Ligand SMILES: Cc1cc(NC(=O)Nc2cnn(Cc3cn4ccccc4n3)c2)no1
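Consider the single chain below, provided in structure tokens and representing the form deposited without this ligand.
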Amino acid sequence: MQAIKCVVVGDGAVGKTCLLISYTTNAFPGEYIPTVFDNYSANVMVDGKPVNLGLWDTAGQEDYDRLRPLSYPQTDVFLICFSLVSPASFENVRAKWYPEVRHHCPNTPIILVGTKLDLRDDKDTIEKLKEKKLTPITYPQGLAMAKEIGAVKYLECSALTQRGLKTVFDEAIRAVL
């Protein structure tokens, strides 16, 4: 029984913490989203076999260039995340996250994760983005980025509805095994 280390990286407020809380507890955290996700370890059943999955949030580390990399050594799989309703976070995948992760961890598998899937279709979110001269990231755009950075897979999910959530971590585990 190996303890598989999965580290979640990406811009602040792409909902890394929300995603982890929603998965580990199952239920959506509710109207108050906790700020803190402490390291979690539990057995998950993937393809008929038990796996000890260790989950790490990086929330709070994003602006600190020398402290940020402390989380990386001995990671088995990265989830590099961006919000589907934030083009700025999408651009930082290629500009910041992928190159930093690749430098520290040459051989570690990456899953590219688009978050906040529930909001891409939301009327009010489409309005306020259009208001800011912006448009949500489409599936083909996300897929294209995943190929560009050599990610194992591109996946979209919603912490709120849990759509595609189980799949993200299943695929992370499969990418290691």
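One rule holds for the numbers: they count along the sequence shown, beginning at 1.
Missing here is the form deposited with this ligand bound; even so, the following discussion is about that form.
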Open vs blocked, site of this ligand as found in the bound PDB entry, superimposed, 2.4 Å to backbone or C-beta = open
Would you please decide whether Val46 lies within 4.5 angstroms of this ligand in the bound PDB entry, comparing each non-hydrogen atom pair?
-> no
Please run the contact check for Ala159 against this ligand in the bound PDB entry: heavy atoms, 4.5 angstroms, yes or no?
-> yes
Verify the contact flag for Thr108: yes if a non-hydrogen atom of it lies within 4.5 Å of a non-hydrogen atom of this ligand in the bound PDB entry, no if not.
-> no
Applying a 4.5 Å heavy atom distance criterion, does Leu129 contact this ligand in the bound PDB entry?
-> no
Contacts with this ligand in the bound PDB entry - residues in 1-39 whose heavy atoms fall within 4.5 Å = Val14, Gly15, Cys18, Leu19, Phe28
